[PDB]
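Here is query08.cif, consisting of mmCIF, C-alpha atoms and all ligand atoms:
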data_target
#
loop_
_atom_site.label_atom_id
_atom_site.label_comp_id
_atom_site.auth_asym_id
_atom_site.auth_seq_id
_atom_site.Cartn_x
_atom_site.Cartn_y
_atom_site.Cartn_z
CA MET A 1 0.00 0.00 0.00
CA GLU A 2 0.88 3.68 0.35
CA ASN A 3 1.20 3.61 4.15
CA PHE A 4 3.79 0.82 4.04
CA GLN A 5 7.38 0.23 2.94
CA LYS A 6 7.59 -3.37 1.73
CA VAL A 7 10.82 -4.45 3.39
CA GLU A 8 10.99 -7.92 1.84
CA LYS A 9 8.78 -10.61 0.36
CA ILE A 10 7.96 -13.17 3.06
CA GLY A 11 6.52 -15.65 0.59
CA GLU A 12 3.58 -16.79 -1.51
CA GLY A 13 0.66 -17.31 0.88
CA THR A 14 -2.50 -19.19 -0.05
CA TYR A 15 -4.38 -16.48 -1.96
CA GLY A 16 -1.65 -13.94 -2.59
CA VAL A 17 1.84 -12.78 -1.69
CA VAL A 18 3.04 -11.84 1.77
CA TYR A 19 5.46 -9.07 2.64
CA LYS A 20 7.28 -7.92 5.73
CA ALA A 21 6.25 -4.27 5.84
CA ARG A 22 6.77 -1.21 8.04
CA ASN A 23 3.89 1.14 8.81
CA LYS A 24 5.25 4.51 7.60
CA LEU A 25 3.44 6.12 10.55
CA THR A 26 3.50 3.88 13.63
CA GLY A 27 6.81 2.48 12.45
CA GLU A 28 5.44 -0.90 13.54
CA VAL A 29 6.65 -3.89 11.51
CA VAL A 30 3.91 -6.15 10.16
CA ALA A 31 3.25 -9.04 7.77
CA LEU A 32 1.15 -7.81 4.85
CA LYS A 33 -0.82 -10.25 2.72
CA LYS A 34 -2.08 -9.06 -0.68
CA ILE A 35 -5.11 -10.72 -2.30
CA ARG A 36 -6.28 -10.53 -5.93
CA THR A 41 -11.38 -9.95 -9.33
CA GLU A 42 -14.40 -7.94 -10.45
CA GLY A 43 -15.94 -6.81 -7.17
CA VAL A 44 -14.79 -9.00 -4.25
CA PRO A 45 -17.15 -11.11 -2.05
CA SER A 46 -19.26 -9.51 0.69
CA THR A 47 -19.75 -12.72 2.65
CA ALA A 48 -15.97 -13.06 2.65
CA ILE A 49 -15.11 -9.66 4.09
CA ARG A 50 -17.55 -10.54 6.87
CA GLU A 51 -16.21 -13.99 7.72
CA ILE A 52 -12.85 -12.22 7.56
CA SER A 53 -13.95 -9.44 9.91
CA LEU A 54 -14.85 -12.22 12.33
CA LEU A 55 -11.22 -13.32 12.45
CA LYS A 56 -10.21 -9.88 13.74
CA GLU A 57 -12.00 -10.72 16.97
CA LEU A 58 -10.38 -14.15 17.14
CA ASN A 59 -7.54 -13.09 19.44
CA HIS A 60 -5.52 -15.73 21.35
CA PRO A 61 -1.84 -16.05 22.38
CA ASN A 62 -1.41 -18.95 19.94
CA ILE A 63 -3.16 -17.24 17.03
CA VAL A 64 -1.38 -14.67 14.85
CA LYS A 65 -3.16 -11.39 15.53
CA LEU A 66 -5.02 -10.01 12.53
CA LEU A 67 -4.60 -6.25 12.84
CA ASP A 68 -6.59 -4.94 9.88
CA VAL A 69 -8.48 -5.90 6.76
CA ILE A 70 -8.38 -3.22 4.06
CA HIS A 71 -10.45 -3.64 0.91
CA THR A 72 -9.55 -1.04 -1.74
CA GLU A 73 -8.84 -0.86 -5.48
CA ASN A 74 -9.98 -4.43 -6.21
CA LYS A 75 -7.23 -5.59 -3.86
CA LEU A 76 -7.66 -7.00 -0.36
CA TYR A 77 -5.00 -6.51 2.33
CA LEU A 78 -4.67 -8.33 5.63
CA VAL A 79 -2.34 -6.79 8.19
CA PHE A 80 -0.90 -9.25 10.68
CA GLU A 81 1.44 -9.02 13.65
CA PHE A 82 4.92 -9.99 12.42
CA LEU A 83 6.52 -13.20 13.71
CA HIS A 84 10.21 -13.95 13.37
CA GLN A 85 10.26 -17.33 11.57
CA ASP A 86 7.99 -20.16 10.44
CA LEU A 87 8.14 -23.76 11.55
CA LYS A 88 9.08 -25.03 8.09
CA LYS A 89 12.25 -22.90 8.23
CA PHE A 90 12.94 -23.86 11.85
CA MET A 91 12.58 -27.57 11.04
CA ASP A 92 14.95 -27.27 8.09
CA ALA A 93 17.36 -25.37 10.36
CA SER A 94 17.07 -28.15 12.95
CA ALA A 95 17.35 -31.02 10.44
CA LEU A 96 20.81 -32.20 11.55
CA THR A 97 20.13 -32.27 15.27
CA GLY A 98 16.35 -32.44 15.42
CA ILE A 99 14.09 -30.20 17.52
CA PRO A 100 14.48 -31.17 21.23
CA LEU A 101 11.49 -33.24 22.41
CA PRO A 102 10.55 -30.77 25.16
CA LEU A 103 10.24 -28.06 22.48
CA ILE A 104 8.31 -30.32 20.11
CA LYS A 105 5.97 -31.01 23.03
CA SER A 106 5.64 -27.36 23.93
CA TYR A 107 4.84 -26.45 20.33
CA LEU A 108 2.29 -29.22 19.97
CA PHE A 109 0.65 -28.22 23.28
CA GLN A 110 0.39 -24.54 22.34
CA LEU A 111 -0.97 -25.35 18.90
CA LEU A 112 -3.64 -27.58 20.46
CA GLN A 113 -4.57 -24.68 22.79
CA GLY A 114 -4.89 -22.38 19.79
CA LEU A 115 -7.01 -24.96 17.97
CA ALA A 116 -9.15 -25.61 21.05
CA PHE A 117 -9.87 -21.88 21.06
CA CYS A 118 -10.63 -21.58 17.33
CA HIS A 119 -12.81 -24.67 17.41
CA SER A 120 -14.70 -23.56 20.52
CA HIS A 121 -15.53 -20.45 18.53
CA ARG A 122 -16.63 -22.46 15.50
CA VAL A 123 -13.66 -21.44 13.33
CA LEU A 124 -11.69 -24.05 11.40
CA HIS A 125 -8.21 -23.46 9.99
CA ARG A 126 -8.47 -26.01 7.08
CA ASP A 127 -4.89 -25.66 5.85
CA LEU A 128 -2.43 -26.11 8.70
CA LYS A 129 1.18 -26.65 7.56
CA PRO A 130 4.68 -25.87 8.89
CA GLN A 131 4.84 -22.80 6.64
CA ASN A 132 1.88 -21.16 8.40
CA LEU A 133 2.90 -21.97 11.98
CA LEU A 134 5.01 -19.05 13.21
CA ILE A 135 7.45 -18.96 16.10
CA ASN A 136 9.22 -16.30 18.13
CA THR A 137 12.30 -16.10 20.35
CA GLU A 138 10.11 -16.41 23.46
CA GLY A 139 9.16 -20.02 22.79
CA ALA A 140 5.66 -19.33 21.48
CA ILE A 141 4.25 -20.77 18.28
CA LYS A 142 1.15 -19.39 16.55
CA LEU A 143 -1.46 -20.41 13.96
CA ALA A 144 -1.44 -18.16 10.86
CA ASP A 145 -2.97 -17.82 7.40
CA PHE A 146 -6.35 -19.28 8.28
CA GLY A 147 -7.60 -20.56 4.94
CA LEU A 148 -11.27 -20.49 5.88
CA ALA A 149 -12.90 -21.35 2.56
CA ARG A 150 -15.71 -19.88 4.64
CA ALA A 151 -14.09 -16.56 3.74
CA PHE A 152 -12.97 -15.95 0.14
CA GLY A 153 -13.40 -19.64 -0.58
CA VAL A 154 -11.08 -22.53 -1.41
CA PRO A 155 -9.97 -21.84 -5.03
CA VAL A 156 -7.72 -24.03 -7.19
CA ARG A 157 -4.69 -21.84 -6.40
CA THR A 158 -3.39 -18.84 -4.43
CA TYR A 159 -3.79 -16.29 -7.24
CA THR A 160 -0.91 -16.97 -9.64
CA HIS A 161 0.14 -20.56 -10.42
CA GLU A 162 1.55 -21.97 -7.17
CA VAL A 163 1.72 -25.65 -6.15
CA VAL A 164 -0.65 -26.43 -3.25
CA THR A 165 0.86 -28.77 -0.66
CA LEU A 166 -1.35 -31.76 0.09
CA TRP A 167 0.87 -33.40 2.71
CA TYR A 168 -1.27 -32.31 5.65
CA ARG A 169 -4.73 -32.81 4.13
CA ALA A 170 -7.14 -35.04 6.09
CA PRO A 171 -8.43 -38.17 4.29
CA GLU A 172 -12.06 -37.07 4.39
CA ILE A 173 -11.14 -34.00 2.33
CA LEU A 174 -9.29 -36.15 -0.21
CA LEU A 175 -12.30 -38.46 -0.35
CA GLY A 176 -14.51 -35.55 -1.39
CA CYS A 177 -16.33 -34.66 1.80
CA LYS A 178 -18.39 -31.51 1.35
CA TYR A 179 -18.42 -30.29 4.94
CA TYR A 180 -15.17 -30.07 6.91
CA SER A 181 -15.23 -30.64 10.67
CA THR A 182 -12.73 -29.47 13.28
CA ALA A 183 -11.20 -32.93 12.89
CA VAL A 184 -9.43 -31.82 9.69
CA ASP A 185 -7.21 -29.54 11.80
CA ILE A 186 -6.28 -32.27 14.28
CA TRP A 187 -5.20 -34.49 11.40
CA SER A 188 -2.94 -31.81 9.90
CA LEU A 189 -1.43 -31.12 13.31
CA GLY A 190 -0.81 -34.83 13.86
CA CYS A 191 1.08 -34.89 10.55
CA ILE A 192 3.16 -31.90 11.66
CA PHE A 193 3.85 -33.47 15.08
CA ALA A 194 5.23 -36.62 13.36
CA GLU A 195 7.32 -34.53 11.01
CA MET A 196 8.93 -32.59 13.89
CA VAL A 197 9.75 -35.90 15.57
CA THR A 198 11.09 -37.84 12.60
CA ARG A 199 12.44 -34.88 10.62
CA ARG A 200 10.71 -36.12 7.48
CA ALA A 201 7.20 -35.45 6.16
CA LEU A 202 4.80 -38.22 7.19
CA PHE A 203 2.74 -38.36 3.97
CA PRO A 204 4.57 -36.53 1.18
CA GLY A 205 2.03 -36.90 -1.64
CA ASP A 206 2.63 -35.17 -4.97
CA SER A 207 -1.00 -35.44 -6.15
CA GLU A 208 -4.35 -36.07 -4.49
CA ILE A 209 -4.36 -39.78 -5.25
CA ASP A 210 -0.71 -40.27 -4.31
CA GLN A 211 -1.43 -38.38 -1.04
CA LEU A 212 -4.36 -40.64 -0.43
CA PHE A 213 -2.44 -43.81 -1.24
CA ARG A 214 0.54 -42.83 0.91
CA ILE A 215 -1.89 -42.49 3.85
CA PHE A 216 -3.46 -45.84 3.00
CA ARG A 217 -0.04 -47.55 2.75
CA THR A 218 0.87 -46.41 6.23
CA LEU A 219 -2.41 -46.58 8.15
CA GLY A 220 -4.08 -49.30 6.11
CA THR A 221 -6.72 -48.78 3.45
CA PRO A 222 -9.83 -47.72 5.39
CA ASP A 223 -13.05 -49.76 5.35
CA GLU A 224 -16.43 -49.74 7.08
CA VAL A 225 -14.92 -51.41 10.17
CA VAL A 226 -12.56 -48.56 11.05
CA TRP A 227 -14.46 -45.80 9.24
CA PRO A 228 -18.27 -46.27 8.98
CA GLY A 229 -19.58 -44.62 5.83
CA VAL A 230 -16.20 -44.37 4.13
CA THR A 231 -17.23 -46.53 1.14
CA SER A 232 -20.10 -44.15 0.45
CA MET A 233 -17.87 -41.09 0.25
CA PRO A 234 -17.91 -39.04 -3.01
CA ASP A 235 -14.44 -40.03 -4.26
CA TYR A 236 -14.15 -43.46 -2.72
CA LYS A 237 -13.57 -46.21 -5.31
CA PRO A 238 -14.12 -49.92 -4.50
CA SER A 239 -11.06 -50.34 -6.70
CA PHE A 240 -8.67 -48.64 -4.20
CA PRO A 241 -5.74 -50.95 -3.41
CA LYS A 242 -6.02 -52.75 -0.07
CA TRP A 243 -2.93 -52.15 2.06
CA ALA A 244 -2.61 -53.59 5.56
CA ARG A 245 -1.89 -51.12 8.35
CA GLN A 246 1.80 -50.70 9.19
CA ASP A 247 3.09 -51.37 12.67
CA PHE A 248 2.88 -47.92 14.29
CA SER A 249 6.28 -48.15 16.09
CA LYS A 250 7.74 -48.02 12.58
CA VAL A 251 5.98 -44.68 11.91
CA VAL A 252 7.50 -42.33 14.45
CA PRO A 253 10.53 -43.85 16.08
CA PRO A 254 11.81 -43.00 18.57
CA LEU A 255 8.76 -41.15 19.94
CA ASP A 256 7.79 -42.61 23.34
CA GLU A 257 4.53 -44.51 23.82
CA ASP A 258 2.72 -41.47 25.26
CA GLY A 259 3.49 -39.46 22.14
CA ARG A 260 2.66 -42.40 19.87
CA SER A 261 -0.68 -43.03 21.53
CA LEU A 262 -1.62 -39.33 21.21
CA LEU A 263 -0.49 -39.30 17.55
CA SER A 264 -2.55 -42.41 16.75
CA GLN A 265 -5.59 -40.63 18.17
CA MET A 266 -4.96 -37.53 16.04
CA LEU A 267 -4.69 -39.77 12.96
CA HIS A 268 -7.83 -41.90 13.35
CA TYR A 269 -9.50 -42.24 9.97
CA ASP A 270 -13.03 -41.57 11.25
CA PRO A 271 -13.30 -37.79 11.92
CA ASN A 272 -15.70 -38.70 14.72
CA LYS A 273 -13.16 -40.94 16.46
CA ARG A 274 -10.30 -38.46 15.95
CA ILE A 275 -9.36 -36.78 19.24
CA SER A 276 -10.49 -33.18 19.80
CA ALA A 277 -7.99 -30.46 20.63
CA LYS A 278 -9.58 -30.12 24.08
CA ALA A 279 -9.17 -33.81 24.90
CA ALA A 280 -5.70 -33.90 23.36
CA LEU A 281 -4.61 -31.25 25.86
CA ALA A 282 -5.53 -33.68 28.69
CA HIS A 283 -3.50 -36.55 27.22
CA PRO A 284 -0.73 -37.90 29.52
CA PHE A 285 1.89 -36.97 26.93
CA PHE A 286 1.54 -33.42 28.32
CA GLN A 287 1.96 -34.24 32.03
CA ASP A 288 5.54 -32.94 31.94
CA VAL A 289 5.06 -30.21 29.34
CA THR A 290 7.29 -27.15 29.77
CA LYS A 291 8.08 -24.09 27.70
CA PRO A 292 11.70 -24.17 26.40
CA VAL A 293 12.95 -21.38 24.19
CA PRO A 294 14.10 -22.20 20.68
CA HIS A 295 17.53 -21.36 19.34
CA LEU A 296 16.55 -18.97 16.55
CA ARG A 297 18.96 -17.63 13.96
CA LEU A 298 17.23 -14.55 12.51
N1 LIG B 301 2.46 -12.99 10.66
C1 LIG B 301 3.38 -13.52 9.87
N2 LIG B 301 4.71 -13.37 10.18
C2 LIG B 301 5.46 -13.97 9.31
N3 LIG B 301 6.83 -13.96 9.45
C3 LIG B 301 7.91 -14.52 8.71
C4 LIG B 301 7.64 -15.67 7.84
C5 LIG B 301 8.71 -16.28 7.06
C6 LIG B 301 10.07 -15.74 7.13
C7 LIG B 301 10.31 -14.61 7.99
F1 LIG B 301 11.56 -14.10 8.08
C8 LIG B 301 9.26 -13.98 8.79
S1 LIG B 301 4.59 -14.78 8.01
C9 LIG B 301 3.07 -14.28 8.71
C10 LIG B 301 1.72 -14.58 8.23
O1 LIG B 301 0.71 -14.15 8.84
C11 LIG B 301 1.49 -15.45 7.01
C12 LIG B 301 0.58 -15.02 5.98
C13 LIG B 301 0.35 -15.86 4.82
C14 LIG B 301 1.04 -17.13 4.69
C15 LIG B 301 1.96 -17.57 5.71
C16 LIG B 301 2.18 -16.74 6.86
#

Structure re-expressed in structure tokens:
Amino acid sequence: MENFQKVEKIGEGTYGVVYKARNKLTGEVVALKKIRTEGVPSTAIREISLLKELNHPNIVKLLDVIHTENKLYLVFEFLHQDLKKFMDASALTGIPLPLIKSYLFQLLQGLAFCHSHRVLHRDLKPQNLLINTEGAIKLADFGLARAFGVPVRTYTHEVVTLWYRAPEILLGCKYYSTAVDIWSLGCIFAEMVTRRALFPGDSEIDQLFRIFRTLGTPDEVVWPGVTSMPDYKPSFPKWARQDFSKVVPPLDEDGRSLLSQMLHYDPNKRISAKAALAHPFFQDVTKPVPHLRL
């Protein structure tokens, strides 16, 4: 905009580009997301204006939503680094378990809050989980298709990552439930632990089949109603479930039991954020500070 000095380009969000910007007046540094276009939705700007009130310590504060000149801007509090970068930076040594646990715990608190307020994230991934020097981690870039919608792309040819997508979405479910966020977070939890993406699919079917190869092809026994889902084909290959200890070694049994509950096929059996917070894995949770190189 005119009231900002784009310092650098933070990246390519989910509907537009994101910049680190400095408010020419308050001097405050913010993250500015630009969005696309022959009018702009009205229902969107409202479901967006609802996010401004969604303030929580584990949710990136949305400062302002400015709609002008066919473009839509979202002004967010600026965080130092994203989890994707931090994980890559910690690839040789691995993120210490107490920090992995603290991050998982805080993200579940943030989700418990969003979900208790009927807001779903829908597109959780390391790139939109932001961390600071103080040990906090926050949910960002809520993709609420309940806002501008869930288009085919951001705004200009950019590959959408499917690695964290819940199976019910891949199977064509029309209505998402809060369970889709627990699934994505379970995938992120495993990735922090193992230092490798859990289900790195390169297409919707490959994503689906990678999940099936690891957790077993789902059926009516473990997931009632699955065979009646929109994109379910009786012709799907039938893989047996893999021993779970093979999935996230060397995570301890408390972590593995919580992960298995976050990855249940049936969205109704999948653990809620609220219950997850009570899991024994968090009995000794603490809040370590990360070693951040900014
Ligand atoms: N608040 C915020 N801070 C950010 N800080 C930051 C991110 C990457 C490198 C860096 F050096 C600083 S990004 C960000 C976002 O709200 C966001 C928007 C769209 C897509 C992903 C994230």

Open item on the list: Which residues are near ligand LIG 301 (chain B) - at most 6 Å, using all atoms listed in the file? Format: as number ranges by chain.
Closed with: A: 10, 13, 18, 31, 33, 64, 80-86, 132, 144-145

TODO: Provide the CA of residue 104 (chain A) to CA of residue 226 (chain A) distance in Å, to one decimal place.
DONE: 29.2 Å

Task: Selected residue of minimal separation from residue 125 (chain A) among A:262, A:7, A:87, A:63, counting all atoms listed in the file - done: A:63

Task: CA of residue 286 (chain A) to CA of residue 89 (chain A), distance in Å rounded to a single decimal - done: 25.1 Å

Open item on the list: Counting all atoms listed in the file, which residue out of A:118, A:277, A:29, A:54 sits closest to residue 79 (chain A)?
Closed with: A:29

Please provide as a CSV table (one decimal) with C-alpha atoms, in the frame of the given file all residues within 8 Å of residue 221 (chain A), with the sequence filter that same-chain residues fewer than 2 positions apart are discarded (counting only C-alpha atoms).
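Written output follows (around_4.csv):
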chain,number,residue,atom,x,y,z
A,215,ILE,CA,-1.9,-42.5,3.8
A,216,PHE,CA,-3.5,-45.8,3.0
A,217,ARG,CA,0.0,-47.6,2.8
A,219,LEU,CA,-2.4,-46.6,8.2
A,223,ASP,CA,-13.0,-49.8,5.4
A,240,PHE,CA,-8.7,-48.6,-4.2
A,241,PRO,CA,-5.7,-51.0,-3.4
A,242,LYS,CA,-6.0,-52.8,-0.1
A,243,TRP,CA,-2.9,-52.2,2.1
A,244,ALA,CA,-2.6,-53.6,5.6
A,245,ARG,CA,-1.9,-51.1,8.4

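Neighbouring residues of residue 295 (chain A) at 8 Å or closer, counting all atoms listed in the file and skipping chain neighbours under 2 positions away, are residues 137, 293 and 297 of chain A.
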
May I have the centre and edge lengths, in Å to one decimal, of an axis-aligned box around the listed atoms of region 99-106 of chain A with 8 Å added to every side, as lines of an AutoDock Vina configuration file?
center_x = 10.1
center_y = -30.3
center_z = 21.3
size_x = 24.8
size_y = 21.9
size_z = 23.6

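Picture a line from CA of residue 290 (chain A) to CA of residue 185 (chain A); it runs 23.2 Å.
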
Open item on the list: Quick one: residues within 9 Å of residue 214 (chain A), only C-alpha atoms, excluding same-chain residues fewer than 3 positions away - as a list in words?
Closed with: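 Surrounding residues, per the criterion: residues 202, 203, 204, 205, 209, 210, 211, 217, 218 and 219 of chain A.
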
Open item on the list: Using only C-alpha atoms, can you tell me which of A:294, A:234, A:155, A:114 comes closest to residue 59 (chain A)?
Closed with: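 The shortest atom-to-atom distance to residue 59 (chain A) comes from A:114.
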
- [ ] Within 9 Å of residue 110 (chain A), counting all atoms listed in the file, which residues show up once you throw out same-chain ones fewer than 5 positions away? Write them as a PyMOL selection string, please.
- [x] chain A and resi 61-62+105+115+140-142

TODO: Could you tell me which of A:237, A:278, A:199, A:22 comes closest to residue 8 (chain A) if we count all atoms listed in the file?
DONE: A:22
